[PDB]
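Cβ sites come from the backbone with ideal geometry, for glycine too, and all protein chains shown count toward neighbours. FYI, it's all coordinate maths here, none of it is from the lab.
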Amino acid sequence: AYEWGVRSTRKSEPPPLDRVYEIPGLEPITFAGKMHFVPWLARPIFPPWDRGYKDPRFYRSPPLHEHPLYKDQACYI
Amino acid sequence: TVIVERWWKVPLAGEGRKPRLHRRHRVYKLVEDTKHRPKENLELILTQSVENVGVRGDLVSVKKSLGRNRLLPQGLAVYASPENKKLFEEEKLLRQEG
Amino acid sequence: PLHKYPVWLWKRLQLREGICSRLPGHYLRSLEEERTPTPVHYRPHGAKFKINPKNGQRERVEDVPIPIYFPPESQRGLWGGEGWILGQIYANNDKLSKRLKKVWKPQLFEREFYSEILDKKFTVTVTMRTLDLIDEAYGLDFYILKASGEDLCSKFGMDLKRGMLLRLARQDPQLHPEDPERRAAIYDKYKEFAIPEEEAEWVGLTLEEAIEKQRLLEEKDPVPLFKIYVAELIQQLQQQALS
Amino acid sequence: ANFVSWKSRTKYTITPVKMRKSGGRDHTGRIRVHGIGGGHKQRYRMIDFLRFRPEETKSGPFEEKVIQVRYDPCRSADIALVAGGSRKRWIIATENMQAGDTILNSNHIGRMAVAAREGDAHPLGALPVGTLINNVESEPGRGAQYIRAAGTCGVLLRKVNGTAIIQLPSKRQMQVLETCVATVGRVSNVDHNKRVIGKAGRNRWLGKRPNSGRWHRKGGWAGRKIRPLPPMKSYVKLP
Amino acid sequence: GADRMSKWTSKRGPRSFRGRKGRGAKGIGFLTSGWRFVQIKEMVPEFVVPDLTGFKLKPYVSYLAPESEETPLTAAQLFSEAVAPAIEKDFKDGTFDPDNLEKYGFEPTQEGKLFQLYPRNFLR
RNA sequence: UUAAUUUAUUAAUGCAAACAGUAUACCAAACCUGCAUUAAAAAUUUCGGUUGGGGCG
RNA sequence: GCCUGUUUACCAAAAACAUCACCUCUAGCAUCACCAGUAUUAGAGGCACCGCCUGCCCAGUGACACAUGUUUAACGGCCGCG
RNA sequence: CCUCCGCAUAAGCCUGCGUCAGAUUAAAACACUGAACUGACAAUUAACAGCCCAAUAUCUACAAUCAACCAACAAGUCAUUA
RNA sequence: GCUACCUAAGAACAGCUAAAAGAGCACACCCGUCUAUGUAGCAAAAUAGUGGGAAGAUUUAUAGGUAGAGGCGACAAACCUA
RNA sequence: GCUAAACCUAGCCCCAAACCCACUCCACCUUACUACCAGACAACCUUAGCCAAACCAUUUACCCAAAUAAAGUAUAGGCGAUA
Ligand SMILES: [Mg+2]
Ligand SMILES: [Mg+2]
Ligand SMILES: [Mg+2]
Ligand SMILES: [Mg+2]
Ligand SMILES: [Mg+2]
Ligand SMILES: [Mg+2]
Ligand SMILES: [Mg+2]
Ligand SMILES: [Mg+2]
Ligand SMILES: [Mg+2]
Ligand SMILES: [Mg+2]
Ligand SMILES: [Mg+2]
Ligand SMILES: [Mg+2]
Ligand SMILES: [Mg+2]
Ligand SMILES: [Mg+2]
Ligand SMILES: [Mg+2]
């Protein structure tokens, strides 16, 4: 099957992490304290972040697999 | 690793000083490389019984390819170090009693 | 005007300034050591004096290093004492021709190893000299722990060395309980080193990483002056009351 | 050089997507292919070259129905939207295909051959020897790539045991697996070589700049080469 | 050539530049999808002006006022003037506890009350 | 350019290391390294002397 | 010189370069232009419509087969004396 | 007497023939005083164009040319749903 | 940002003959074959017509890309800020 | 005698010594001199060339470790101008 997705147009994959996270029992020394992106070996892993207060201008809707009006069969409007 | 020698010869900038180099010293010349050489076989002591390449007991000098592929990663052979040979010969002497 | 210190002492001056002066002594000594590596791309001379032909007079000979280049692929993987040689090669091995430029490249074999101290397999594009050194050192952990910083020429090697040193110093459970005999045997096999904990954490770190670690250790949010004020006040009242 | 491709649509649709011309400009910006530039604006149509394809919760054969035959400026032949089921996809039209036609997209290979028409499609394992076919594939479930222009067609030669040698329009033989779906008949929009240009305005509208004016001396490759037929290339992977 | 020594104001760019530059005015809202401005009443600086009825203090001082020495008002003086008497009073009797100090005005964090000092939530 | 040093970068080659089966023999797949060759580029250069003005004689 | 047009901005605006017709060679093919195309296609070259036609050659060069050969609308050439 | 001009929009430094005193000197190709000036006084107030769009999945093949006859080819400049 | 090429969204072309047209004359517009004026001129390339096109291989407002061991080239060794 | 001639001080160069500095509030990485919103990609690389040898293809101090004699000695160098 001829796919319609171009690799140059889609989102590129992030580069792999450095060789410091593959060491069991060794914490990395990144730049999470200086609060600016560095040239010196500095690229950690940031945890996800969400907003505690909902904003109408920045509200994301949940997927379709858990809507209260979602059913198994599909209708035709 | 490619072993090369320096041309024009170093002028010897003292014995405790940094050797001063010139742009002409960049020219090298290939003399001998690690490849294109008849390889040698390493000694590995096996710990289990295999086919006709080894046996549990003595040692046999096998090739480097086989040792690095299907002997060391699978835990079928140990290096010929002066530390494990002592316990190996001790176990061999205790196995073959009088 | 003129300068007070030469141009090749500003690094030492900055190290002896303030923020870089709070570093421990062992780290500063390991950084200022600067030792020549082992000859790889050239055969070193036997004795310091060599008798050359054509004339029966002894002359002192010296072995000069080869300026090799270290790409980031060398720092990511585990390479030996080789690299890229950006030199020049004549035509038909004669100086009466043309001086061309030739850059040699080492051979890369993507293999897979198994560290016993860390108990985890890693995919490293290993060469041939590194495999030979591993076979001569009887394992990978011995090759990593015995070779100094001037022999690995890679950041992953120094990271592995520091991790093994921390694992051997902190006595942290490597595998898991229910079988401590294997961990005891592993710790007894690597007992001829045992670098203390206060010195193993500063092995292989660069200058920027060391400065960042020293700043994180010396962070400390500013304590409010109210506590110091009430402490001085209670001390003064106790001193004036107990007398 | 902020050169981004216009092929930014990972879902098949029916609305013609606007395309951007290039004129021989890659990602760097230098002209690498001469003779392209300046033409009439065109709209791209998502043409589905894979003939047999099951719908949602489907598996067996399905019927189709030709609606209307239009024209595609991106190629020489004309396209025709064929509706069927609960979806509509653009496919390549064939010769003698008008409105109100019925075509079949089957896949079950039978014991004997099938005397199909010049509109429906069937695998090569059920077609008689000596049938004008077109839009032949190379791998099972890959898509039609060979013989897709205007009027081009291929004829089946012989069969062995699991392969099917197809005679290409370049007089060259080429075999393929038996489980490959290929259309039957010839492509529409015939007599394309007889299309008289007339003036350079047509070439400028199509988007083709004139050739270089430099007088190049012909080397040794300008002579006629009377060469034999190259051997048949095989795509069947053998262990 | 064009000018270079002069600063970049709002009368130099074309139709696409007049708007996003401005003169440093503080925004009190945002925009929507219909070219409208949604002004929020909680973003405009509300000027709090007290009553000036019974206030007997002129903006100019008389020359008959005697002068005095000048000294900065550091935190130590305010501390010794405010918290020191209360601490001495509660310690001279026998009820001081170094575990809790929130009853003297000290706050361990600034996220509890509204008017925070270090992040400065108030304008001026 | 068929005037001079050379292929520094390709595709084809032969050799050496790297993998895996194979009854005293053959097969050398995809991707790295060095040596020598073939078509394109090229890193550089010069174009001697008298010639009752210079070339031709 | 097929035509319209364009070229030496600032001494030549032309018979000069291009244009449809014709001929030669190369390519069995999916993601960044070529091409979201399939040997009625694409790229590399010579003249440049419609009418009469393109007769010969691999000794020399290159290209293709390595079968001693094919190619000239590939580089070029088609006598003298009595 | 000319109007082969002007008024607006688009691009462009932003105060560049309004008043006052100096007008002895200084720039008008000479003068009055002012499109080649020194200091003070303040013009232009938006409704004009911008400053823009909360997401998850899905939908959009029958041109324009008075678009109603006809006729095409260079196959085309505009829309939504839960 | 002048000029060679490409890309996305726009604008321009009275009137007559309109043979269906990369048709003709001809406004505005694109370029400049010749005469006359000056070469320290209005101008480090101007002034009127005689000029070719002006429904398309035409011109233009905006934004972006192709630069020297190169860019581009309907090939002038033409252009890349006099 | 009109045009016009001279009147010293901002300091300017190198030594010895000394190691020299960087927020009063706001604005400064987008159209810097812009208060306010959802793909995190951005360094780690033989310098070259002119001249000289009457050309030029090998070669030509410049390389950042305190003086001097050794010594311009052995050496390298189309064994030559040179180093
Ligand atoms: Mg052509
Ligand atoms: Mg030509
Ligand atoms: Mg002469
Ligand atoms: Mg003469
Ligand atoms: Mg003509
Ligand atoms: Mg001219
Ligand atoms: Mg012109
Ligand atoms: Mg002219
Ligand atoms: Mg011509
Ligand atoms: Mg002929
Ligand atoms: Mg042109
Ligand atoms: Mg016309
Ligand atoms: Mg006309
Ligand atoms: Mg010419
Ligand atoms: Mg010279």
Next on the checklist: Can you pull out every residue in the range C:220-243 that is outside any helix (DSSP H, G or I) and not polar (S, T, N, Q)?
Outcome noted: C:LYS220, C:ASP221, C:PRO222, C:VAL223, C:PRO224
Checklist entry - Within the set of pairs 6+ apart or on separate chains, which have a first residue in the range A:55-69 that is farther than 23 Å from E:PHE30 by Cα, a second that is outside any helix (DSSP H, G or I), and C-beta atoms under 7 Å apart? => result A:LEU64/A:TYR70
Next on the checklist: Which pairs turn up if I take residues in the range D:190-206 that are touching a residue at least 40 places away in the same chain (Cβ under 8 Å) and within 14 Å of D:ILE36 (Cα to Cα) and look for partners that are among the small types (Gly, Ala, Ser) and more than 6 Å from RNA strand G (Cβ to nearest atom) with beta carbon separation below 8 Å, at least 6 apart in sequence or on another chain?
Outcome noted: D:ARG204/D:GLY38; D:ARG204/D:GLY39; D:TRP205/D:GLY39; D:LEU206/D:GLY39
Checklist entry - Between a first residue in the range A:1-15 that is in a loop (DSSP other than H, G, I, E, B) and a second residue that is aliphatic (A, V, I, L, M) and more than 14 Å from RNA strand J (Cβ to nearest atom), which pairs have beta carbons less than 7 Å apart while being 6 or more apart in sequence or on different chains? => result A:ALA1/D:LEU50; A:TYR2/D:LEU50
Next on the checklist: Can you tell me which condition D:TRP215 does not meet? The list is (1) within 16 Å of RNA strand H (Cβ to nearest atom); (2) over 30 Å from D:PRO140 (Cβ atoms), and all the others hold.
Outcome noted: (1)
Checklist entry - Here are D:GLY219, D:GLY143, D:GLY185, D:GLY213: which of them is more than 14 Å from every other protein chain (Cβ to nearest Cβ) and either more than 16 Å from ligand 2 (Cβ to nearest atom) or among the acidic types (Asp, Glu) (or both)? => result D:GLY185
Checklist entry - Looking at chain B, what strands (runs of 3 or more DSSP E) fall wholly within it and have at least 2 residues that are at positive phi and either surrounded by fewer than 11 Cβ atoms within 10 Å (Cβ to Cβ) or under 20 Å from the mean Cα position of the chain (by Cα) (or both)? => result none
Checklist entry - What number of residues within the range C:67-87 satisfy the criterion of being over 20 Å from the mean Cα position of the chain (by Cα) and crowded, with 17+ Cβ neighbours inside 10 Å? => result 2
Checklist outcome for this item: Note on C:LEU175: of the conditions (1) without any contact (Cβ under 8 Å) to a residue 60 or more places away in the chain; (2) within 17 Å of A:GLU22 (Cα to Cα); (3) buried (at least 17 other Cβ atoms within 10 Å of the Cβ); (4) not basic (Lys, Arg), unmet is (3)
Item to check | Search result, residues across the range D:218-239 that are among the basic types (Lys, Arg) and within 25 Å of D:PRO140 (Cβ to Cβ) | outcome: D:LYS233, D:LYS237
Checklist outcome for this item: Every listed condition ((1) more than 6 Å from RNA strand H (Cβ to nearest atom); (2) within 14 Å of another protein chain (Cβ to nearest Cβ)) holds for E:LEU31 save (1)
Item to check | strands (runs of 3 or more DSSP E) lying entirely in the range C:1-93 (those with 1 or more residues that are small (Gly, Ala, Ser) and away from RNA strand I (no atom under 16 Å from the Cβ)) | outcome: C:84-90
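Could you please let me know if C:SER148 is closer than 30 Å to C:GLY18 by Cα and touching a helix residue (DSSP H, G or I) at 6+ places or on another chain (Cβ under 6 Å)?
Answer is no for this residue.
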Item to check | Which numbered condition E:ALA65 fails, given (1) more than 10 Å from chain C (Cβ to nearest Cβ); (2) over 30 Å from E:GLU46 (Cα atoms); (3) surrounded by 10 or more Cβ atoms within 10 Å (Cβ to Cβ) | outcome: (3)
Item to check | Subset tally (residues that are more than 11 Å from every other protein chain (Cβ to nearest Cβ) and in contact with a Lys or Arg (Cβ under 6 Å, 6 or more places away or on another chain)) for the range C:28-86 | outcome: 2
